[PDB]
């Protein structure tokens, strides 16, 4: 009674917390969650997918980058599947996602209503993920002026990004809000900016999609996805699939919270 859980990168708090959610729910039925690291590698995921399939795992909860076809061509309906945080197309199985566009929108609208009309979006490459595009789409629909700084998680230099970032925030003394689209960018760059004083909550402030209890205590307003809940919810769906209940391949939206 093992459920394989493949995450994009076990180094993200979102992923380890999501897994803790699956586990918590799976334990109420004697089922056990098992974690696999796709290590941001399309190929590692493929070889992992084959192993998961041939070894007889009972279920697959997937928060990754491969098209549903890539997953069907390897597992071929031999087990229940639930994808998380990806919002893909023509998905033949259930999905649990955040209201990315909406949450980003509301966030941007709140900051706008406080004079911070300038927004600098710090994100990973947009075209590689649909949830990233949605968040950026949400910021675009409610922001007056927007500047974007895309970073390739596979090739970049800390100071190089740090400089282009300080730049975008201070080019105009327009009241700016630095908006991180993923937690790692918020943890890597904003702390220093708080110490240097650029982020004074007067002219410049900061926000982003972060779920870690320890950034908040340095107080900024962050958007949380509550990955634990998303993980718990996907596992409920998975219980239904193992129990035999034919499940509808629909999207379940766990709303984000601007706290």
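Numbering follows the first chain given and starts at 1.
Q.
For the step residue 32 to residue 33, what size class fits the number of deposited residues with no coordinates, none, 1 to 3, 4 to 9, or 10 or more?
A. Missing residues, residue 32 to residue 33: none.
Q. Mean CA B-factor: is it higher for 48-56 or for 230-238?
A. Of 230-238 and 48-56, the stretch with the higher C-alpha B-factor average is 48-56.
Q) With respect to the recorded C-alpha B factors, which stretch has the higher mean value, 182-190 or 129-137? A) Averaging CA B-factors over each stretch, the winner is 129-137.
**Q.** Top residue by Cα temperature factor, when 71, 103, 177, 96 are compared in the entry
**A.** Answer for 71, 103, 177, 96: 71, with the highest C-alpha B-factor.
Q. At the C-alpha atoms, which of 81, 84, 75, 142 reaches the highest B-factor in this entry?
A. Each of 81, 84, 75, 142 was compared by C-alpha B-factor; the highest is 75.
Q. Comparing residue 165 with the other modelled residues of its chain, is its CA B-factor in the lowest, middle or highest third?
A. Middle third.
Q. According to the PDB entry, is the CA B factor of residue 258 in the bottom, middle or top third of its chain, that is, lowest, middle or highest?
A. Residue 258: CA B-factor falls in the highest third of its chain.
Q) Sorting the chain's CA B-factors, does residue 123 end up in the lowest, middle or highest third? A) It falls in the bottom third of the chain.
Q) Would the CA B-factor of residue 64 place it in the lowest, middle or highest third of its chain? A) Highest third, going by the recorded CA B-factors of the chain.
Q) Should residue 38 be placed in the lowest, middle or highest third of its chain by the C-alpha B factor in the entry? A) CA B-factor rank for residue 38: lowest third.
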